[PDB]
Ligand SMILES: Nc1ncnc2c1ncn2[C@@H]1O[C@H](COP(=O)(O)OP(=O)(O)OP(=O)(O)O)[C@@H](O)[C@H]1O
Ligand SMILES: Nc1ncnc2c1ncn2[C@@H]1O[C@H](COP(=O)(O)OP(=O)(O)OP(=O)(O)O)[C@@H](O)[C@H]1O
Ligand SMILES: [Mg+2]
Ligand SMILES: [Mg+2]
């Protein structure tokens with residue numbers, strides 16, 4: 012039927028319907044509004060009034076304004092025709108190339124795959140990054156989370172993974188920009204234009220982009236991730252393809268959910284969060300999976316507010332991921348890029364029966380050396396290096412060489428620095444770290460280990476000095 | 156600068172006492188016949204607003 | 007004289023008491039007024055009280071309307087009459103505000119008279135999207151040698167000025183405003199820039215001194231000062247950044263270029279925290295509301311570089327954040343760092359040692375970088391950045411080799427070269443020449459205490475009988491190796507002439 | 002035109018004050034004591050600040066070139 016706006020507070024619009032109530036998650040179109048204001052029903056308030064979250068701004072809304080029930084949730088175009096196109100939260104094209112002419116639509120809200128639709132295959136995905144491919148290796152089909160604060164480098168790691176994996180992938184790709192800079196989305200779009208992954212002149216585009224950024228109202232930022240999920244779910248189930256899903260970033264989705272939680276009349280959770288943060292994140296993340304119909308490899312960035320890991324939103328996101336890559340500000344202060352914490356990143360593929368016995372033993376030896384160095388740093392900061400024994404000096408020297416060799420010049424970061432980006436095969440990674448752990452390179456200065464890809468570049472840089 | 160400050164101070168003082176004398180004389184300007192005329196004009200304006208429905 | 011002004015003010019003060027759907031104040035307190043009535047009022051609509059104050063209709067409850075008062079609450083009593091204006095909260099915009107000090111609502115407080123504005127713009131306007139945006143490619147010249155070399159700013163960029171109290175944040179911002187006089191007085195309309203200074207929570211004497219400093223340097227002719235001082239109400243301090251952003255968005259949407267400074271956004275967040283705590287909203291991190299990130303993000307997203315189809319305009323933001331004990335790990339600084347494109351960190355330790363501006367090179371970065379610089383400045387700043395990185399690498403442990415002592419001396423000379431006095435910004439050609447002399451080893455025989463005197467005398471010498479060098483630099487746009495050799499020869503001649 | 006009686010009365014009082022000020026030669030008309038005291042205090046403060054007590058500032062001041070003694074050229 013037809014409803015009327017009875018309250019507007021923030022991005023929360025209460026609308027009263029006369030005859031029949033639209034269901035929860037149903038999309039309502041506001042009449043008399045030019046740029047398609049769409050409201051999603053969140054709860055039935057009672058007395059034939061429902062409460063909705065707006066997918067755009069609520070300015071210019073008067074009380075009693077007519078709103079029309081569409082009889083369905085937010086439906087978004089899915090298919091081969093969405094490749095190479097940019098879409099907003101409600102699936103409208105925003106790349107100014109005309110409408111997306113497709114026959115297939117899907118609702119952005121869907122139930123998670125069941126317990127019987129699960130695959131347990133764990134095959135290592137080689138990324139070309141030494142700290143990733145050694146300590147927390149990625150899996151072909153599975154969830155990867157890049158945790159990081161403000162300015163520690165997550166977009167650079169996202170772009171490096173897209174450069175190293177998505178171009179030489181073959182299957183498909185979906186990017187979901189969630190609450191980030193619109194400049195980043197413009198730069199990524201033009202990057203995919205130049206690299207040939209998007210073709211403006213013809214077909215055979217491989218990546219579909221969905222963008223809802225930080226200038227959007229909190230209603231739009233809380234649903235654009237589901238739109239990108241819907242594109243990836245169609246490419247996985249109805250086509251049986253291997254899909255790459257990049258999301259940047261998840262915390263904007265779970266923060267936009269908390270911005271409207273006070274306006275929904277909810278009691279706030281601990282540290283002023285939404286009391287349904289865990290359940291909303293669970294229902295969102297369980298749709299991203301590798302099924303028996305198709306495979307999805309997902310890379311999601313996660314923001315930690317005020318450089319805190321015990322915040323409820325990243326602490327909830329930790330249990331929903333296979334591989335974690337935690338980025339630390341203190342490592343970035345030391346000039347090591349990427350600033351991956353080696354003692355805080357886990358993969359669950361790091362098993363001697365999956366990635367090899369030598370690879371597992373080298374990774375655990377590196378982690379033990381860095382833990383011993385971290386324990387020694389307290390005595391080093393006070394009494395200096397003179398009080399240390401000879402084995403402690405060897406531990407410190409090898410650990411500093413290991414920390415320098417974990418850094419790697421990225422191809423996407425060259426404009427920041429000028430170093431040529433290096434792609435390191437995993438056999439060269441385990442050979443170089445086995446050489447460092449065996450003490451075969453103790454006679455080299457540690458500066459030669461800095462910003463070089465293979466161990467041959469370490470020897471060449473040491474001989475250059 | 157001294158001439159400018161002196162003229163500005165005299166202008167400010169002239170404005171202040173003119174405003175105060177205008178307030179006092181306006182409070183002394185009310186006559187009952189003009190009060191009845193103003194009340195009739197207010198009633199006519201209220202009736203004109205009543206017409207504009 | 008005076009009587010004509012009195013007649014004009016009387017004739018312009020038409021009450022026009024007709025229709026006027028109104029409401030009654032049920033209760034007044036804590037800066038929030040509950041109004042019974044106003045059935046057809048809109049959300050975020052400006053209203054007027056009976057005492058002349060103005061407010062914004064925040065909450066559209068069924069039986070009442072919650073209104074945020076832009077002023078003191080002692081002028082409003084129970085049962086007052088609230089009139090709706092029919093417009094969402096808007097401020098006057100235009101070129102009429104240039105040279106004016108206004109409050110958060112746009113009312114002039116400098117005593118210069120009314121503003122003859124023709125257009126008004128709302129303060130809650132959404133930011134441009136992906137398509138109407140283009141990459142930042144035009145340079146923003148603040149006139150500071152360290153900023154223009156190491157942490158460059160482009161037009162449309164959002165660059166944060168973050169540091170402790172009394173470290174020179176306002177000094178950098180005012181020098182950036184003053185430096186645009188050479189562009190504004192020139193003929194190139196594309197390089198002209200219009201400045202907006204938003205003073206939030208400061209003392210009134212400080213704002214008066216800033217306005218006098220801008221008037222003495224004649225930077226006031228292209229500057230709008232939006233003032234919300236420490237004695238003003240918290241809603242005025244909250245509204246002032248958005249009013250100034252609307253005034254800068256006027257130039258942004260009309261093909262012009264505007265630079266806006268919010269000094270400081272930490273005091274605006276304190277005022278908004280007071281407003282939310284008086285609204286009984288749930289406190290979060292450090293008792294702040296959970297939408298303070300959205301507050302700064304919706305303010306700063308309106309500063310962007312438009313496309314050529316949108317007029318080619320731009321709005322540049324310089325937010326200011328005051329930290330406690332140099333902590334950039336707090337909530338508000340981390341929010342503004344995540345929003346903006348880069349920061350300029352100011353150190354208390356460097357400020358106590360006389361290094362002014364006290365810019366931390368290791369912490370202040372700019373994500374735009376090479377697109378925000380000219381060719382000659384970028385060519386010399388890459389070498390300067392590499393040499394300062396080498397100096398910071400070798401001075402961390404040396405607390410020796412001839413090469414290490416050479417790098418230490420070079421880094422000391424570059425550090426003394428980047429020091430600049432207050433209120434005297436430099437043109438980009440003078441900075442390019444100065445950094446060229448520092449980088450190329452021309453200061454190797456010069457003591458670090460005489461670098462400033464050498465810099466002044468070399469600038470005088472270049473402006474005296476080396477105008478053809480500046481003409482060649484402006485024509486080429488860079489430094490060719492032939493002109494590099496000529497510059498090395500005339501530098502050697504100048505240093506031999508000064509002392510022999 | 003629908004001229005308000007209050008605005009017309011205000012204009013009549015302003016014209017009356019202007020005519021009386023012309024009759025009074027532009028002097029202050031029926032000013033209160035406190036305004037006169039504040040005017041005298043401000044005039045005295047500006048006279049002391051601008052040095053009007055030393056000499057009359059409404060006229061052209063006279064100047065004397067302080068006779069210079071150069072440094073000893075000889076030793
Ligand atoms: N691999 C790298 N090589 C060189 N510099 C790097 C690298 N990674 C990050 N940086 C530096 O860190 C800065 C921050 O990068 P980026 O914008 O990707 O961080 P982020 O974690 O996404 O930040 P935000 O959360 O604010 O979006 C870069 O602009 C660059 O200066
Ligand atoms: N480059 C400079 N050269 C000389 N003095 C400087 C320079 N920069 C700043 N100062 C001085 O440092 C003092 C503090 O600077 P300023 O007031 O700009 O800092 P601020 O961070 O805005 O302080 P506040 O926290 O009080 O706002 C002033 O006395 C100013 O003159
Ligand atoms: Mg990022
Ligand atoms: Mg200041």
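Residue numbers (the deposited numbering), protein chains in the order written: chain D, 12 to 476; chain K, 156 to 208; chain A, 7 to 405, 410 to 510; chain L, 2 to 76.
From the three backbone atoms N, C-alpha and C, an ideal C-beta is built for every residue, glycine too.
Asked: Run the CB neighbour count on residue 112(D), radius 10 Å, all protein chains shown included, and call it buried at 16 or more, exposed below.; Found: exposed
Asked: Within the present structure, is the beta-carbon of residue 212(A) separated from the nearest heavy atom of ligand 4 by less than 8 Å?; Found: yes
Asked: Any beta carbon from chain D within less than 9 Å of residue 140(A)'s own beta carbon?; Found: yes
Asked: Could you give the residue range of the alpha helix (DSSP H) that holds residue 471(A)?; Found: 461-475
Asked: Does at least one heavy atom of ligand 1 sit under 8 Å from the Cβ of residue 307(A)?; Found: no
Asked: Mapping DSSP to helix, strand and coil, what is residue 373(A)?; Found: coil
Asked: For residue 120(A), which of helix, strand or coil comes out of DSSP?; Found: coil
Asked: In chain order, what residues of the segment 159-172 of chain K put their CB closer than 9 Å to some CB of chain L?; Found: 160, 161, 164, 165, 167, 168, 169, 171, 172
Asked: Could you pull the start and end residues of the beta strand (DSSP E) that residue 294(A) belongs to?; Found: Element bounds for residue 294(A): n/a, residue is neither H nor E.
Asked: Using the three-state DSSP reduction, which class does residue 67(A) fall into: helix, strand or coil?; Found: coil
Asked: By Cβ distance, which residues of its chain are closer than 7 Å to residue 449(A), with the 5 residues on each side in sequence left out?; Found: 386, 389, 390, 393
Asked: Using the three-state DSSP reduction, which class does residue 27(D) fall into: helix, strand or coil?; Found: strand
Asked: From what residue to what residue does the beta strand (DSSP E) around residue 220(D) run?; Found: 218-223
Asked: Closest to residue 111(A) by CA distance: which of 86(A), 361(A), 245(A) is it?; Found: 245(A)
Asked: Reducing DSSP to helix, strand and coil, say where residue 320(D) ends up.; Found: coil
Asked: Grab the span of the alpha helix (DSSP H) containing residue 88(D) for me, first residue to last.; Found: No alpha helix (DSSP H) contains residue 88(D), which is instead part of the beta strand (DSSP E) from 86-88.
Asked: Just to make sure I have the definition right: I need the residues of chain D whose C-beta is within less than 8 Å of the C-beta of residue 271(A). Which are they?; Found: Correct list: empty, because the minimum Cβ distance to chain D is about 15 Å.
Asked: Considering just the uninterrupted stretch of the beta strand (DSSP E) at residue 54(A), what are its terminal residues?; Found: 51-54
Asked: Can you pull the chain L residues whose beta carbon is under 7 Å from the beta carbon of residue 193(K), in chain order?; Found: 6
Asked: Pull the bridge partners of residue 128(A) from the DSSP assignment, please.; Found: 96(A)
Asked: Please look up how many angstroms separate the CB atoms of residue 18(L) and residue 30(L), rounded, as I've assumed it's under 8 Å.; Found: 7 Å
Asked: How many Å lie between residue 289(A) and residue 280(A) at the Cα?; Found: 11 Å
Asked: Closer than 8 Å, Cβ to any Cβ of chain K: which residues of the segment 47-72 of chain L, in chain order?; Found: 47, 51, 53, 58, 59
Asked: Spell out the partners DSSP gives residue 19(D) in its beta bridges.; Found: 24(D)
Asked: Ignore the nearest five residues each way along the sequence and tell me which others in residue 327(D)'s own chain have a CB closer than 7 Å to its CB.; Found: 288, 289, 292
Asked: Of the choices 450(D), 419(D), 256(D), 39(D), whose alpha-carbon is the least far from that of residue 343(D)?; Found: 419(D)
Asked: Which first and last residues belong to the beta strand (DSSP E) in which residue 168(A) is found?; Found: 165-169
Asked: Taking only runs that begin and end inside the segment 270-352 of chain D, name each unbroken beta strand (DSSP E) of 3 or more residues, in chain order.; Found: 306-314, 334-337
Asked: Can you find a CB in chain A that lies within less than 9 Å of the CB of residue 182(K)?; Found: no
Asked: So, residue 183(A) versus residue 212(A), is the Cβ gap smaller than 9 Å?; Found: no
Asked: Taking the CB atoms as reference points, tell me whether residue 150(D) and residue 135(D) lie closer together than 9 Å.; Found: yes
Asked: What's the gap between the Cα of residue 49(D) and the Cα of residue 61(A)?; Found: 29 Å
Asked: Please go through the same chain and pick out, in chain order, the residues whose beta-carbon is closer than 8 Å to the beta-carbon of residue 95(A), but skip the five residues on each side of it.; Found: 50, 51, 52, 62, 128, 129, 130, 245
Asked: Taking 9 Å as the CB-CB cut-off, is residue 17(A) touching chain L?; Found: yes
Asked: Whole angstroms is fine: what's the gap from residue 408(A)'s alpha carbon to residue 234(A)'s?; Found: Since the model of chain A includes 405 and then 410 but nothing between them, residue 408(A) has no atomic positions to report.
Asked: Which residues in the same chain as residue 122(A) place their Cβ atom closer than 6 Å to its Cβ, once the five residues preceding and following it in sequence are excluded?; Found: 102
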